[PDB]
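*Asks:* Quick one, fold the following:
(chains A, B, C and D, ligands or ions: 9)
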Amino acid sequence: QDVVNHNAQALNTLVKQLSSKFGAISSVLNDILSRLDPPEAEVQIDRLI
Amino acid sequence: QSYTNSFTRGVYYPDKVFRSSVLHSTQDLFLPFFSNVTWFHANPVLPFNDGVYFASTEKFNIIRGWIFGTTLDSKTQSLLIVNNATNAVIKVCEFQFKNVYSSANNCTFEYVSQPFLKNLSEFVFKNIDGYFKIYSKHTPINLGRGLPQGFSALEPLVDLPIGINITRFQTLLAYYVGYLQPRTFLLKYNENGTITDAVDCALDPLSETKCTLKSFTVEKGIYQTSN
Amino acid sequence: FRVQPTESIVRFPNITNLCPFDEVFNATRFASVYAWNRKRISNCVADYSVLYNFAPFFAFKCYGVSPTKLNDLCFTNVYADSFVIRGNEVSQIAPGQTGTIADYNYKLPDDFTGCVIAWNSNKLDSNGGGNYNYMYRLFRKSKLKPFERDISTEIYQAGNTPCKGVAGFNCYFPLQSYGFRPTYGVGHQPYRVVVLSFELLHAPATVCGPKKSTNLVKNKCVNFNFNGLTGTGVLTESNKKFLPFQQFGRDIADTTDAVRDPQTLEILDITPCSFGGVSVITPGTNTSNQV
Amino acid sequence: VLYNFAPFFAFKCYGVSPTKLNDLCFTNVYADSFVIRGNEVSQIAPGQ
Ligand SMILES: *[C@@H]1O[C@H](CO)[C@@H](O)[C@H](O)[C@H]1NC(C)=O
Ligand SMILES: *[C@@H]1O[C@H](CO)[C@@H](O)[C@H](O)[C@H]1NC(C)=O
Ligand SMILES: *[C@@H]1O[C@H](CO)[C@@H](O)[C@H](O)[C@H]1NC(C)=O
Ligand SMILES: *[C@@H]1O[C@H](CO)[C@@H](O)[C@H](O)[C@H]1NC(C)=O
Ligand SMILES: *[C@@H]1O[C@H](CO)[C@@H](O)[C@H](O)[C@H]1NC(C)=O
Ligand SMILES: *[C@@H]1O[C@H](CO)[C@@H](O)[C@H](O)[C@H]1NC(C)=O
Ligand SMILES: *[C@@H]1O[C@H](CO)[C@@H](O)[C@H](O)[C@H]1NC(C)=O
Ligand SMILES: *[C@@H]1O[C@H](CO)[C@@H](O)[C@H](O)[C@H]1NC(C)=O
Ligand SMILES: *[C@@H]1O[C@H](CO)[C@@H](O)[C@H](O)[C@H]1NC(C)=O
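*Replies:* Numbers count the residues shown, from 1 in each chain, chains lettered A, B, ... in the order given. Ligands and ions are numbered 1, 2, ... in the order given. The relevant structure is shown in the block below.
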């Protein structure tokens, strides 16, 4: 049970990390693409990356 | 002007998002569990603070409106909600009350909707970033001290995009008044998306443990909570 | 590999009211800097193209958004702040700026998102009245907080001696009027300035651009744009019981998995299009080239 | 007292905030004074 719980918890944390901003304006890449031109989108995309 | 225990009353859906069978942690302005709420059997002007929880139980519809604002005169804008047997109207005019209003001038925003109002009616008023948010709920209760021990969430009644300044409020004619503090709550969404239970993470060590474990049930042991 | 989307669908509500940018921009008299006029914009179709028919503006500077992308975005609400300033001071209308106008008359937030548009007004504000009497606050005890208006005419007490409400030595009048004249050079010409501040996410979107609403396609991998919510996936009938105030649903991982159609008011479940790894099974190339 | 000497149009501080000056201790200060043209004032900055 501990092995199963550890695997599930690690996967859940990995998925939850996609909701973080990491200093960007948004955590959704499509919003960055649809709101900003490339020269300004690069900074936010790199911060997410 | 007595005091009463708030029990678990004063929980509202913090956002429009739908969730089913989840335990979700939200940091927002809430009414703390088992808090002291003022009880009036009559209506002086009260401070607004961060937000207001309001509860009424009259069957004669004596309570028919609220007034919000800083000066409550024509000097500054004063929000005014008046409910009558057909509808509920909302204005932000500058008024000069005397006791409806002796004079009204410089109206900016108006709104008309279904009337807001034993049958216990609960309301939550917040004023944040130029938005006045009203949450409401109506529940069947029985006779007693007041504010029963059950749990019921307050659905978003209305939102007003009015950027006004509010520091005090007053009611217009047995009602209960409480204040909201910034708290972290753990809400439970059942299979149908209805908030059925909540945990106030600052109530006691057990609730803090429940919030840390993100669960409503805690197994036997020792758990390292906040420092 | 990944299943590629077939179609793209946009679902916007029946709102057809044009946003009142005409009255905001085509106003006979703009307010002064210290009393910048703020108007709320909501529940309308924001066609920014008409803004190009009102002025050949020399500044269209947008923060947090691109000017060409405006017609394809949905906003929850917009603040339109209008005033008249001097040309050389236009650069002070920006986040993280220090100056008399920036700190004492109109201040923008650090996280400000929106646009600023300034255009020429010599031919319309070089006359008498308030046009020549455009005023602005020159002195203040502390810098203005973002989105704050102070129209008080208090005498600024520079010295220790109290002023008692009377202007005198070290007792100045902060509200100083402009001297806009047609004879002045480009360093002193008057410009009309309008600042649009957008609010995204959170509340349901009610200010959207001029984007047509297409048909609804189900059980196909498609791109969907639901009131600015952009995504790719498969839309199906859902058994989720959305409450009347609820718009979209999220899972445990907080990924949008349900959405309410703005027009038909039905609940659609969203499933990501199929993907996965591809593996090549092969005997050694010494044996055969079949895979 | 610097606010009693001039209504300066530029008070630009690098590495410190102007409002925080009254609450800081410095080991020593260099005061460099001159007269320049207005449009050239922007040239008085690091990396110019
Ligand atoms: C409520 O008030 C009473 C008396 O004013 C006090 O004894 C009690 O501790 C208060 N309750 C809370 C939760 O503070
Ligand atoms: C609201 O009014 C109070 C007093 O009436 C005042 O102290 C406060 O600064 C005001 N806030 C705004 C945003 O106007
Ligand atoms: C309730 O107030 C509204 C607001 O003016 C009014 O239109 C309506 O007629 C009123 N209802 C009754 C029954 O008077
Ligand atoms: C109503 O608003 C106008 C416009 O700002 C103002 O001139 C007038 O003085 C206001 N009314 C009162 C009684 O102050
Ligand atoms: C209490 O009032 C609400 C709204 O006025 C109503 O929906 C509900 O049925 C009432 N409860 C009872 C027991 O009548
Ligand atoms: C959820 O709703 C369905 C039908 O709407 C009902 O059958 C079921 O009992 C509900 N579940 C709960 C826990 O209320
Ligand atoms: C403003 O409106 C008037 C009449 O409505 C029109 O004559 C004028 O050309 C308009 N100007 C602009 C810049 O739209
Ligand atoms: C939008 O208009 C269509 C056209 O008939 C109608 O079928 C639909 O119900 C309308 N929806 C809303 C939300 O107004
Ligand atoms: C400079 O000093 C002289 C005399 O000491 C005084 O008259 C003058 O006002 C001062 N000017 C400033 C700007 O301090």
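*Asks:* How about the contacts made by residue 27?
*Replies:* Since you didn't name a chain, this refers to chain A. A:18, A:19, A:20, A:21, A:48 (C-beta atoms under 8 Å, 6 or more residues apart in numbering or on different chains). For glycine as for every other residue, the C-beta is placed from the backbone atoms N, C-alpha and C.
*Asks:* nope, chain C
*Replies:* For residue C:27, the residues meeting the contact criterion (C-beta under 8 Å, 6+ apart) are residue C:82.
*Asks:* where does it fall, phi/psi-wise?
*Replies:* phi -110, psi 140 (degrees, to the nearest 10).
*Asks:* Grab the longest helix from chain A for me.
*Replies:* Taking DSSP state H as the criterion, chain A has its longest helix at helix A:2-16.
*Asks:* okay, it in PDB with CA atoms only?
*Replies:* Extracted as PDB, the C-alpha positions of helix A:2-16 are listed here (Å, rounded to 0.1, in the frame of the first residue of the first chain):
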ATOM      1  CA  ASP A   2       2.900   2.400   0.700                       C
ATOM      2  CA  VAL A   3       4.400   1.700  -2.700                       C
ATOM      3  CA  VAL A   4       1.100   2.300  -4.400                       C
ATOM      4  CA  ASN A   5       0.500   5.500  -2.400                       C
ATOM      5  CA  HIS A   6       4.000   6.800  -3.100                       C
ATOM      6  CA  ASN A   7       3.600   6.300  -6.800                       C
ATOM      7  CA  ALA A   8       0.200   7.900  -6.900                       C
ATOM      8  CA  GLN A   9       1.300  10.900  -4.800                       C
ATOM      9  CA  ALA A  10       4.400  11.500  -7.000                       C
ATOM     10  CA  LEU A  11       2.200  11.500 -10.100                       C
ATOM     11  CA  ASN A  12      -0.300  13.800  -8.500                       C
ATOM     12  CA  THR A  13       2.400  16.200  -7.500                       C
ATOM     13  CA  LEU A  14       3.800  16.100 -11.000                       C
ATOM     14  CA  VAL A  15       0.400  17.000 -12.500                       C
ATOM     15  CA  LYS A  16      -0.200  19.700  -9.900                       C
END
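*Asks:* Touching that helix from outside, list them.
*Replies:* The list of residues contacting helix A:2-16 from outside it, by C-beta under 8 Å, 6+ apart, reads C:252, C:253, C:254.
*Asks:* Mind checking which of those residues are buried?
*Replies:* The neighbour-count criterion (16 or more other C-beta atoms under 10 Å in any protein chain shown) marks residue C:254 among these as buried.
*Asks:* Let me have the contacts of helix A:2-16 in CSV, adding secondary structure and distance to ligand 4 as columns.
*Replies:* Shown next, in CSV, are the contacts of helix A:2-16 (DSSP: H, G, I helix; E, B strand; the rest coil; distance: C-beta to the nearest ligand atom, whole Å):
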residue, secondary structure, distance to ligand 4
C:252, coil, 52
C:253, coil, 51
C:254, coil, 46
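*Asks:* out of the contacts of helix A:2-16, which one sits closest to chain D?
*Replies:* Sorting the contacts of helix A:2-16 by how near they are to chain D, with C-beta to the nearest C-beta, puts residue C:254 at the top with 37.5 Å.
*Asks:* Quick one: check stretch B:53-71 for contact with ligand 2.
*Replies:* Yes - Stretch B:53-71 is in contact with ligand 2 by C-beta under 6 Å from any ligand atom, via residue B:70.
*Asks:* Any buried residues in that stretch, and which?
*Replies:* Buried-residue list, stretch B:53-71, by 16+ other C-beta under 10 Å: B:53-58, B:63-69.
*Asks:* Include secondary structure when you put those residues into CSV, please.
*Replies:* Supplementary listing: these in CSV, determined by DSSP: H, G, I helix; E, B strand; the rest coil:
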residue, secondary structure
B:53, strand
B:54, strand
B:55, strand
B:56, strand
B:57, coil
B:58, coil
B:63, coil
B:64, coil
B:65, coil
B:66, strand
B:67, strand
B:68, strand
B:69, strand
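*Asks:* And those, which two are furthest apart?
*Replies:* B:57 and B:69 (26.2 Å; C-beta to C-beta).
*Asks:* any idea how far the residue nearest to residue C:13 when sequence neighbours are not counted lies from residue A:21?
*Replies:* In this structure, residue C:13 finds its nearest non-sequential neighbour in residue C:262, 4.2 Å apart by C-beta to C-beta, 6 or more residues apart in numbering or on different chains. Distance of residue C:262 to residue A:21, computed by C-beta to C-beta, to the nearest Å: 27 Å.
*Asks:* With residue B:77 instead?
*Replies:* Residue B:77 sits 36 Å away from residue A:21, taking C-beta to C-beta as the criterion.
*Asks:* cool, and residue C:270?
*Replies:* Applying C-beta to C-beta to residue C:270 and residue A:21 gives a distance of 23 Å.
*Asks:* and those two? which has more neighbours close in?
*Replies:* With neighbours defined as other C-beta atoms under 10 Å in any protein chain shown, residue C:270 and residue A:21 compare such that residue C:270 has more, 21 against 12.
*Asks:* Without its sequence neighbours, what residue ends up closest to that one?
*Replies:* Leaving out its chain neighbours, residue C:270 is closest to residue C:233 (C-beta to C-beta, 6+ apart), at 4.7 Å.
*Asks:* List the residues that contact residue 44.
*Replies:* Let's take chain A. Applying C-beta under 8 Å, 6+ apart to residue A:44 gives the contacts A:24, A:25, A:26, A:32, A:36.
*Asks:* my bad, the chain I had in mind was chain C
*Replies:* Residues touching residue C:44, when contacts are defined by C-beta under 8 Å, 6+ apart, comprise C:15, C:17, C:18, C:19, C:20, C:206, C:207.
*Asks:* returning to that earlier point: and the contacts of helix A:2-16, which is closest to chain B?
*Replies:* Each of these was checked against chain B using C-beta to the nearest C-beta; the closest is residue C:252, at 6.0 Å.
*Asks:* give the contact list for the closest one.
*Replies:* When the contact criterion is C-beta under 8 Å, 6+ apart, the partners of residue C:252 are A:12, B:22.
*Asks:* For ligand 8, see how far away the residue most central in space within chain A is.
*Replies:* For chain A, residue A:18 is the residue whose C-alpha lies nearest the centre (C-alpha atoms, centre = their mean; 3.1 Å). Separation of residue A:18 from ligand 8 (C-beta to the nearest ligand atom, to the nearest Å): 33 Å.
*Asks:* Got the phi and psi for that residue?
*Replies:* Residue A:18 adopts backbone torsions of phi -80, psi -10, taken as degrees, to the nearest 10.
*Asks:* Apart from its neighbours in sequence, what residue is nearest it?
*Replies:* Spatial nearest neighbour of residue A:18, excluding adjacent residues (C-beta to C-beta, 6+ apart): residue A:27 at 6.9 Å.
*Asks:* Would you check how far apart the one you found and residue B:174 are?
*Replies:* According to C-beta to C-beta, residue A:27 and residue B:174 sit 48 Å apart.
*Asks:* And residue B:29, by the same measure?
*Replies:* Distance of residue B:29 to residue B:174, computed by C-beta to C-beta: 25 Å.
*Asks:* Can I get stretch C:199-215 as PDB, trimmed to CA atoms?
*Replies:* The C-alpha atoms that make up stretch C:199-215 are tabulated as PDB, following Å, rounded to 0.1, in the frame of the first residue of the first chain:
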ATOM      1  CA  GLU C 199      -9.800  42.200 -16.200                       C
ATOM      2  CA  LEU C 200      -9.300  38.600 -17.300                       C
ATOM      3  CA  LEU C 201     -10.300  35.300 -15.800                       C
ATOM      4  CA  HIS C 202     -12.200  34.900 -12.600                       C
ATOM      5  CA  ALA C 203     -15.600  36.300 -13.400                       C
ATOM      6  CA  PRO C 204     -17.500  35.200 -16.500                       C
ATOM      7  CA  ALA C 205     -16.400  37.000 -19.600                       C
ATOM      8  CA  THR C 206     -18.800  39.700 -20.800                       C
ATOM      9  CA  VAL C 207     -16.600  41.900 -23.000                       C
ATOM     10  CA  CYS C 208     -15.500  40.100 -26.100                       C
ATOM     11  CA  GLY C 209     -14.200  41.100 -29.600                       C
ATOM     12  CA  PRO C 210     -16.000  40.700 -32.900                       C
ATOM     13  CA  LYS C 211     -15.600  37.000 -33.300                       C
ATOM     14  CA  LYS C 212     -18.300  35.000 -35.000                       C
ATOM     15  CA  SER C 213     -20.000  32.100 -33.200                       C
ATOM     16  CA  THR C 214     -19.900  28.800 -35.200                       C
ATOM     17  CA  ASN C 215     -21.800  25.600 -34.800                       C
END
